[PDB]
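Heads up, the thing below is written out as structure tokens.
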Amino acid sequence: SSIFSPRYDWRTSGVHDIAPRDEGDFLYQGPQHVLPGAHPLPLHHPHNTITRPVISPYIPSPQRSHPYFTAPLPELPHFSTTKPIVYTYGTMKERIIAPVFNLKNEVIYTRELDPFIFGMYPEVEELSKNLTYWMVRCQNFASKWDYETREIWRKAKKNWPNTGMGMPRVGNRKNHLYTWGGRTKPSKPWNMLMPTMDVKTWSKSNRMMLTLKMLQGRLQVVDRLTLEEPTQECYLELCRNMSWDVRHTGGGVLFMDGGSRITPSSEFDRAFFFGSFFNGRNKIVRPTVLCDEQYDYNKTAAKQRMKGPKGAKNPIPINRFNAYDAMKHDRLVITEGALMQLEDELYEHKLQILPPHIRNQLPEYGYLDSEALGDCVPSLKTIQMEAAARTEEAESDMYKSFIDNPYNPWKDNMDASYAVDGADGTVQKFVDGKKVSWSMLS
Amino acid sequence: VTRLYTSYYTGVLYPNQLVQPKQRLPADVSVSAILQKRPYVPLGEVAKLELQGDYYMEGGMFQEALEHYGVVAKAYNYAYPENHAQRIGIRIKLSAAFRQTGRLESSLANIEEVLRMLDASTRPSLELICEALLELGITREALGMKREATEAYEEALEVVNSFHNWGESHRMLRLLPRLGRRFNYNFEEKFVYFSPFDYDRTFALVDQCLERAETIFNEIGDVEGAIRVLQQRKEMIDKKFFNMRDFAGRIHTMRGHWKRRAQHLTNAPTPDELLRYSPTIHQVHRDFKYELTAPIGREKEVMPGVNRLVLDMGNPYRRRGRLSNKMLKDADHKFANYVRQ
Amino acid sequence: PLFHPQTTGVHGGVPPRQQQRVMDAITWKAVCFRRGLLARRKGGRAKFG
Amino acid sequence: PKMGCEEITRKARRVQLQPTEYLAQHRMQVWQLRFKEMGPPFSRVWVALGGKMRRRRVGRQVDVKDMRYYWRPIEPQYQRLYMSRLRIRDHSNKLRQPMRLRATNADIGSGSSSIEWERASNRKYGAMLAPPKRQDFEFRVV
Amino acid sequence: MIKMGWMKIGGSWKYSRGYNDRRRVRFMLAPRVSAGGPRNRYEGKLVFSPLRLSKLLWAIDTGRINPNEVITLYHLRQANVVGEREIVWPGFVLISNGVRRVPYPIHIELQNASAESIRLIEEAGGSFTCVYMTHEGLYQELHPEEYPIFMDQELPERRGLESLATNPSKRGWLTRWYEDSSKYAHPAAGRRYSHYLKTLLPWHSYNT
Amino acid sequence: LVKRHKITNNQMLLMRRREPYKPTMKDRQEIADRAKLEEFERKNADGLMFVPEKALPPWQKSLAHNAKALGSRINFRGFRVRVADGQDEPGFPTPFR
Amino acid sequence: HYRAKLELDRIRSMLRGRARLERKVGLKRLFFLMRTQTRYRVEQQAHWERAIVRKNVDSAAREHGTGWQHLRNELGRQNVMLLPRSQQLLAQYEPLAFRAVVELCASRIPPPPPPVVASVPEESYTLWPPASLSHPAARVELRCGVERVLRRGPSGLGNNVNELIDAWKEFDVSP
Amino acid sequence: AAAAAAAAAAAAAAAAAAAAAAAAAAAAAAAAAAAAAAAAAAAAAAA
Amino acid sequence: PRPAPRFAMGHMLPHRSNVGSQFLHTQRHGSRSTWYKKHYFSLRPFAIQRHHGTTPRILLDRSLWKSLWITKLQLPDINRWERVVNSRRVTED
RNA sequence: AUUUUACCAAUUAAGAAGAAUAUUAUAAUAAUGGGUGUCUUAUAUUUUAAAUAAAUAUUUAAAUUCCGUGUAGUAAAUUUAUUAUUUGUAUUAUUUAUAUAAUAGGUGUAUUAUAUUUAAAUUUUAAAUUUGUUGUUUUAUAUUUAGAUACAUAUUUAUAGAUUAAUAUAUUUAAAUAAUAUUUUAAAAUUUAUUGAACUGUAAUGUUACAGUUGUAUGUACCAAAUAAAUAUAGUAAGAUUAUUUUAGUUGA
RNA sequence: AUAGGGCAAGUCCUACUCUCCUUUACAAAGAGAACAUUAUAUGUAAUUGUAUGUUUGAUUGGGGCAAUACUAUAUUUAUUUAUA
Ligand SMILES: NC(=O)c1ccc[n+]([C@@H]2O[C@H](COP(=O)([O-])OP(=O)(O)OC[C@H]3O[C@@H](n4cnc5c(N)ncnc54)[C@H](O)[C@@H]3O)[C@@H](O)[C@H]2O)c1
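In order, the protein sequence lines correspond to chains AF, BF, XB, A8, AP, XT, AU, UK and AW. All residue numbers for the first sequence refer to the entry's author numbering, where the first residue is 18 and numbers rise by one. Residues 26 to 62, 118 to 421 (the entry's author numbering) make up the second sequence, in order. All residue numbers for the third sequence refer to the entry's author numbering, where the first residue is 663 and numbers rise by one. All residue numbers for the fourth sequence refer to the entry's author numbering, where the first residue is 40 and numbers rise by one. Residues 112 to 136, 150 to 322, 354 to 363 (the entry's author numbering) make up the fifth sequence, in order. All residue numbers for the sixth sequence refer to the entry's author numbering, where the first residue is 6 and numbers rise by one. Residues 10 to 140, 162 to 205 (the entry's author numbering) make up the seventh sequence, in order. All residue numbers for the eighth sequence refer to the entry's author numbering, where the first residue is 1 and numbers rise by one. All residue numbers for the ninth sequence refer to the entry's author numbering, where the first residue is 2 and numbers rise by one.
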């Protein structure tokens, strides 16, 4: 009810049976008494380390800007970042170093985390943008169909004259006023809305959510997420060994499979993907935080038989990382391959965001060593990207004797001479007196 | 319309009028340790006399202030029991009056007795002890004991830093700007400001004590002492402001939604309280005796049942049909193996 | 006073609700008269005659 | 309605996605001819010629010096009415500035800039605005 | 409600009829200056989008445009100093908005430019060429990827030839051709040949 | 409807006009007209300044500039185009004239 | 439109027959009753009650020989601030006290003098300093305050005005 | 606002000061004619 | 670009009203927003839950997901009380 | 011997599969008119025609014109495709029934004005209509239910003038590129297609023939007929329109 | 008997309009005759019908504007215009 309404207190007795239970009801001894659940802050989810333990070196105290390591401690073989780190606006300006676990639940080494990804301080407005987009997008628009006056299936004829009978003037009573009738403007799937998300906002919100998980200490870096066998018993055994609570009421785990440090992959590991199909709350997501630029070909009602909501026709796939899933699942697990892919796909965006007086310095400090120009040995890439690059290298040979050489286009663009034919009203190329231009067909 | 207030007007109730409970020093600490590191009486009339004495103090009529404080102290001594807050406070005022008049020895004796009474008492007021330390420092400075006055000021500073809450003053005054619903006019409510110097007298007392300590250091010629005391004063003001800070909600005019006032004015935690008792540093005690779901290793500490048996994982598809159920026969066995031991 | 002088050309300066009741009564009377007239013209029974 | 109704038991009709209106439907040629908008974005006014818009007999008006060519702003009431007719396209979005009386380069090019049109090479960069392409040496229509 | 502001959904509808009227949803005295109206964008009209010389100089200073190369609309688009919204035919016109000097020579190829901007460029020592183009030429310049061979470029229309392409003041790129005489002298000399003034395989071999 | 107001005394109940110290509608119109006329006369106390070309409204500035364009490009004093849209003659001498 | 549906259905049990049986009739009757009671309370109840009190006081005055008119005027003249409710209560439960009040009003006892205006003591005009001590005006004000303190009640501070005024010397310490 | 307030004050003063005007026959206000003070048949005592 | 409407979230299915949005999904015609509210005075059923909007993680016999209440299925054994303990459907006396 | 005044009171816990191979949308793979209690006989069981149609189209320019009724190949057989009882109750969401009934043996008064018990006082519909604001007008037995749509908000990749009738000119400051919607009930309506002569009105000798730009007052118990389809300038008819405890300007210009 | 149970209605005079009638004019049918080209048509179609829709808002008027500026000269003038 409303606090100010009299109904809020119109009941004055009978709420409690004055006789207490003999099982758990107790008394308040005094301030020295520690009451369960009591806490000075309004915690709607009053959890502690025992309920939902955090996987991080330190409990996230306000004294620490983040629970993870701030320096590369010498006890472990610290690994740097795949790409150089530049602190953009919104980054924590602090060094993020986290320990990497193995399938045995024991740390093997430590890894640097990019501030632009796990160091972008969260903001509630952006997180809420992401959450609202996901909530609106994850509805079953096909089930939002309702009948209409023209669909009620009643005779199209005045049921009786205006004044002759003695009842209200009603003709063709298909209207909402009647129980069998419909609505003038009912809800239809093609009338509903599917919001259009921007790649920039989506990436920013996803990185803010990742940083929020990192701050809360729910983040865990794992070397590999492979199973001995593709069954579910092996997956449950791995969860038990790693102390992952995938029960429906345990906290949940989100998995960015990706790949290992040496062999990042965009495709889920076969065995783990097969074995991760378990009833309990446990979600598997792609190793990407970006999203394909959403579009809407039917931006106007040009296709009248479009049985889909107005708006973007390319909504984010369900398995994509999102704020809703990140909040619902307690722990987050990210593989070295996932980190590699995230850094690889966000490096260009970070550099473009950087201002110009730092952009110009980038190459000076060596953050723009392009493998294509031979400045450096080619960088590490996922299995699929490396295969595609090898295919390109192998196929580059055939573009040698043809004028349409993509690698060396317009080779004779300088030695040729350009002439203007007034009679033809055109401009043409000539090499050694031979017309090289092409009279475009029409 | 416009109001002239030519006739009596009842002051409007506002959240800034909350009766703030004064900070009190803990019962397990000793002011002496820190240093060494009812009969009927017309209290209304004696309060009139005390107010008149305060006015004389402000007006510079120190002899008259001392004369009034003499009667007030006599009355309080007769009325209240020994080692009482009112008695020590009136003795502080009397010591200040003596110091201003010129009876430095009398002022020193009175403030020393005040400190003795504070040590003897239990849970003394933080503001009261800070004011007593300030008065002792001023008296020592007047006597010429600059070093001891500075020591007293520093002691007051450390006492307030270690036993003062810097956000409690504006706990209920921090979300007031959110009450405002109009932007074109009556927008002073969206920027309503309450001065910490007025809503936290301990802060003002310590600020004055640190200013006097800085002046004494400058007079002596010391540099490190002045730097540290000024920096501590700056940090104190920074703490107060930080506790006062907040973002802006709705900016432009809002029509209706007057029931949002309940949300706007609440026990909103202050920044200092939030940082102190964050959910992780100040963990929540969760007794599984009164809870159903418990961690994997402590599955046996759940709310006891008369005689309970596990049926399945509650798979909603079980209701559907033979094939749907057949597609989940081993789920319960696998879950049991997962939760084994 | 008239009902809506701006719409007198449409509703005769009388509320349609009052006009609705008046026309209901008059139409009841007219329907009864028409049924009687049909019976008279067809031989005491409208459908049958 | 209720489940046990023949009205919904039988299938009368089904409605499609209702077609939308032309985006520049309320940009009227009468305005585009009579008036023209000019001035700063937040202080722009619509102006029209000033004079006697009437046809006399042959010998009535003789001194052309009386008739002079000049522009004067239309009445603010009519300007507000026309700007409203331009605004009504998108009413929820208060941030969207009113549509211009005459289309400009940015407005013409935004549609082609969109992704779906970004792929359409035949409609990009003022294809219709540009003059016609030269036809082929031999061209027949039969 | 129109005459009463925001009213609660509860009731009090009796005093509101304009609200329902709006829910259910002088030019005649002014003359027509022309058949198409004032500022009519008839087909073939040269309506250039502005390109602030100050904006171009700012881009150069920041570093999005390389001074060492002859700037073109394609280079501007790739550097992202202009958006696709403002690329309509005929293209851009250079305007010297608030610019008094150009410290360094700049070589640009736009579809039009102001006299002041051309003077500033020439005084600074750079060069400007009014490369007036048709739709095909503009599209080819913006998307050279799609044309592996130099497709025959049709010359602009008569309006373009008169105004921009063959205008010495605008530095029209066809001024030399228009001024030539042999093309009028004989069909053989109708066209005069012009020439520029005088690998790319990303994979390399690792060497230690 | 009538704007109801929270009362502070029965005098507000007896009150009919919310602002008794405010002139009625006709007197408001009279006072506003007098104030506007006085302000206009104060503005026009000085003569009609002949503003330059650049200061003309948007619908005269460009016409004047186009009319005098040739003289701007070929500089010689004594060139004035007698345009029609320019400011009208006041009829009396002024300080700015 | 809001009506006190839930609030009034609760007390709908206080009506009879059709109103108590049918929700709509009972709610309408209760709404009407509440509105009429509100109007009566805000515009006639006080008048009726104070008229009754007036009549009771008048009857007491008549029994004692006076009447409400003269009694009210003489109470005003004598400055006895007894509200009419208090006068009725005294007449009904303390007839002797009411008769004493009537006798006071009847008697030619001089009514209390009007309140005095603040008087500036000659000490304010006395120069200070003449050409460690206290201003004579301040000393006089302190003496008046101490006298008020002592006269407010039988406090144990003592009746010695001079001793109280010399209190600060008790806390003073001789150098 | 200053001009409007001044005009309102002037209007109030003009409409509230000249309560009554001398009869036009005795002296025409519109013709600038004014009537002086005739104290012949007057008295000095405070009656 | 435009933030996704917060009313389009499936957190509320209000009864059709005078004020709304073309994309605001209101309750169907002839249907009530709150399932248990057959009458304005009806009480919320105790221990009976009607899962709505998603497939439940854990479904009890006493609850409803997409069927109606029948004693022989919702209450197999009356003397037994089902509940969720340690993420399992556990039944006690 | 005889006998207990008159009047006044109230709705709630539900006994049992008397609710599911259910209701709606959803499948882009079938398809010669589905017809069981059917069950020879084919002179007698034939529907075809270059057109906006069970095939349904990504933008604001210019442009005919007395309210501009308006936008092109995007890939060339390229995956926007008219789907479909189960190899998941198909999946996902959504919706859902009024069969059923001890309830009390007397708180207020007893010569008449209306709930709160100290006696009194107060009290005697609501909504819309009526702008000459009513005593005009219309609706409401009651219980429960059904019943009506203008997005209250734009975080780094990012870049946005004008101006002439026209040529032309362009000395010279912004910006969160987003579109799809727009109460509800009701017009004497008109339009398309179709049937009716068992009533009635004629001709023929009960039956036959003639029918809605129409046959002979009427054409099957409302003749501007009947049946089927439709949401016309619903506007310059009218009615209805779901969210109390509120927080700022003018009351006849 | 009163209220309820549809009712600004009745007569009378004036004014305007509708229905209706008619023809020589207006629009407009359909149909047809005739004509051009060589028993079926195409292209025009001034007759007729008048079935049908109209047939008392005239500011789509009147006035005022009248090359020969500027400095200057001469003539004439219905008693101060006129012309170069
Ligand atoms: N014609 C246009 O309007 C137009 C428009 C945009 C782009 N282009 C590009 O111009 C070039 C020629 O166009 P056109 O109209 O003069 O001839 P065209 O488009 O009719 O091509 C005809 C033949 O050329 C082949 N061809 C085209 N590109 C080829 C390539 N890289 N390598 C090998 N074969 C190729 C085609 O397979 C086809 O068989 C094309 O590459 C096209 O992408 C042309």
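In this text, a Cβ means the ideal position worked out from N, Cα and C, and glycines have one as well.
Taking C-beta pairs closer than 8 angstroms, name the residues in chain AF that residue i reaches, listed in chain order.
i	result
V693 (chain XB)	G181
Taking Cβ-Cβ distances shorter than 9 angstroms, what residues in chain AF pair up with residue i?
i	result
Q680 (chain XB)	In chain order: nothing, as chain AF lies at least about 12 angstroms away.
Residues of chain XT with a CB under 8 angstroms from the CB of residue i: which are they?
i	result
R107 (chain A8)	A89, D90
Which residues in chain AP have a C-beta closer than 8 angstroms to the C-beta of residue i? List them in chain order.
i	result
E388 (chain AF)	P357
Run down chain AW in chain order and give the residues with a C-beta less than 8 angstroms from the C-beta of residue i.
i	result
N208 (chain AF)	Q23, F24
Using a Cβ-Cβ cutoff of less than 8 angstroms, which residues in the same chain neighbour residue i once the five nearest sequence positions on both sides are dropped?
i	result
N189 (chain AU)	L180
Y370 (chain BF)	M383
Going by beta carbon distance, what residues of the same chain come within less than 7 angstroms of residue i, once the five residues before and after it are set aside?
i	result
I36 (chain XT)	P28
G292 (chain AF)	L244, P247, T248, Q249, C251, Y252
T27 (chain BF)	none
With respect to the alpha helix (DSSP H) encompassing residue i, which residues constitute its N-terminal and C-terminal limits?
i	result
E93 (chain AW)	Not the alpha helix (DSSP H): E93 (chain AW) falls in the beta strand (DSSP E), residues 89–93.
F107 (chain AU)	104–115
Sorted by chain position, which residues of the same chain lie with C-beta nearer than 6 angstroms to residue i's C-beta, five sequence neighbours on each side aside?
i	result
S241 (chain AP)	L177, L218, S220
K121 (chain AF)	none
How far does the beta strand (DSSP E) with residue i in it extend, from its first residue to its last?
i	result
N299 (chain AF)	299–302
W64 (chain XT)	Not the beta strand (DSSP E): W64 (chain XT) falls in the alpha helix (DSSP H), residues 63–72.
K446 (chain AF)	443–448
So which residues on chain BF does residue i lean against when the C-beta distance must stay under 7 angstroms?
i	result
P205 (chain AU)	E185
Exercise. Which parts of the segment 192–238 of chain BF are runs of the alpha helix (DSSP H), unbroken and 4 residues or longer, counting only runs that do not cross its ends?
Worked result: 206–223
Exercise. According to a CB-to-CB cut-off of less than 7 angstroms, which residues of the segment 384–406 of chain BF neighbour chain AF?
Worked result: Within the segment 384–406 of chain BF, the residues whose Cβ lies closer than 7 angstroms to some Cβ of chain AF are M393, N395, listed in chain order.
Exercise. Along the segment 55–85 of chain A8, what residues have a CB closer than 7 angstroms to any CB found in chain XT?
Worked result: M77, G78
Exercise. If contact means a Cβ-Cβ distance below 8 angstroms, which residues of the segment 128–139 of chain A8 contact chain AP?
Worked result: none
Problem set entry | In chain order, each alpha helix (DSSP H) run of at least 4 residues that lies wholly inside the segment 64–102 of chain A8 | 68–73
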